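Read the single chain below, which is given as structure tokens and is the form deposited in one PDB entry.
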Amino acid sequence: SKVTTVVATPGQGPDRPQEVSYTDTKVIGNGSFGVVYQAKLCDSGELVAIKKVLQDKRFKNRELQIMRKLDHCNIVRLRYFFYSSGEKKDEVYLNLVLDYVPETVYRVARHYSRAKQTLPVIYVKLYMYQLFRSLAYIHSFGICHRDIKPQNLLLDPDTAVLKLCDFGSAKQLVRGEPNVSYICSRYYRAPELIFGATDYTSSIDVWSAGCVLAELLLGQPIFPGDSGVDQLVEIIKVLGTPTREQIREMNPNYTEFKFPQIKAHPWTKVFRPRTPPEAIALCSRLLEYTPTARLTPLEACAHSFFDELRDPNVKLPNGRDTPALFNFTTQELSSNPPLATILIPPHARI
């Protein structure tokens, strides 16, 4: 195909643009944001994703500012960004050139569902552990992703590396500064949001992660609501009716749903009989009504459900070694540095 040459600015480091050539553009996604393409870097031959968004010339793109400060093995990397012009007065596009990753958790999970099989729990551990690490990192800056779902969990199936993508809903949450409640993808939406809360925290992402974990264990979404309000009905069918205290802790803006009383369905009867007890226990501490009762991402990483990953003999099913799971920086551990003793086993220590 015809080569495109641009002058692009590196994601990290000082603003020093470089000539970049790419080719073989292919549309691979769209949304309210604009369009995402696959492309191939001419010089190195590496595939990349290019996220193209209409951007107002006189304002700053929030996703860009967030992407320029993130540097983590479980977060898709911003290689470069550049501006391109459309065929209209002041029609400017921001182009984000990101790492290409060949699969998603959604796609992998679906393969197992269609074959009427469960994803082996080793992959559930690996994928969930890496999601929680990515969340521990972004939360340490005060950034809440606000769109955790299987479709935004990229994976390389050969190395089992997971990378979080799509920071178009991400935001630095500030105590006392309101936020919109109609956020996140419905099935993964925290109950406080359904109650119209505008004063919420990063614990909304932990709820969404819990929904991902349950989905990988069940073979299908645990809370498949057909509307914003029916989402709460689905949650209630498992968790039971929230108490008045639990409702208060969710900081709701309305609660006039007039829900009939429903008993909680026991967590052990939700999943198949052979589900590991530690998976169930972890899940019960993520999917909690009271936001502050939920595990932090770092505490989730230290859960006994991930003990297999801390074993020195662990290997991937393809024979290869596990990716780097314990190379925690001081930033990643800042919420609770004493957890390093559990998070970093003897053989991984330096």
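Residues that one form lacks are left out of the comparison. By rigid core we mean the largest C-alpha set that fits within 1.5 Å across both forms. So that there is no doubt, residue numbering starts at 1 and follows the sequence shown.
Among other deposited entries of this protein with both flanking residues present, at least a third omit coordinates for residue 86. The mean Cα B-factor in the deposited entry runs higher for 262 to 270 than for the other of 153 to 161 and 262 to 270. Look at the C-alpha B-factors of 271 to 279 and of 213 to 221. On average they run higher in 271 to 279. Across 313, 296, 61, 284, the greatest Cα temperature factor reported in the deposited entry is at 313. Residue set 177, 192, 91, 166: peak C-alpha B-factor at 91 (per PDB entry). When the modelled residues of the chain are ordered by C-alpha B-factor, residue 53 sits in the middle third.
Annotation for residue 205: CA B-factor lies in the lowest third of the chain's modelled residues. In the deposited entry, the Cα temperature factor of residue 248 sits in the top third of values across the chain's modelled residues.
Among all modelled residues in this chain, the alpha-carbon of residue 186 has a temperature factor (C-alpha) in the lowest third. Among all modelled residues in its chain, residue 128 ranks in the lowest third by Cα B-factor.
Below: the form deposited with a partner chain bound, not depicted.
194 is the sole member of 160, 216, 239, 194 with a non-hydrogen atom within 4.5 Å of the partner chain in the deposited bound form. Checked against the partner chain in the deposited bound form, the residues 122, 94, 233, 173 give one hit for a heavy atom within 4.5 Å, which is 233.
Contact between residue 73 and the partner chain in the deposited bound form is not found at the 4.5 Å heavy atom cutoff. Mapping the unseen interface onto this chain, residue 257 counts among the residues with a heavy atom inside 4.5 Å of the partner chain in the deposited bound form. In the deposited bound form, at least one heavy atom of residue 227 sits within 4.5 Å of a heavy atom of the partner chain. For the partner chain in the deposited bound form, the listed stretch (77 to 85, 257 to 265, 131 to 139, 203 to 211) containing residues with heavy atoms inside 4.5 Å is 257 to 265. In sequence order, the runs of at least 3 consecutive residues whose Cα atoms each shift by 2 Å or more between the shown form and the other one, relative to the superposed core, are 251 to 254, 256 to 260.
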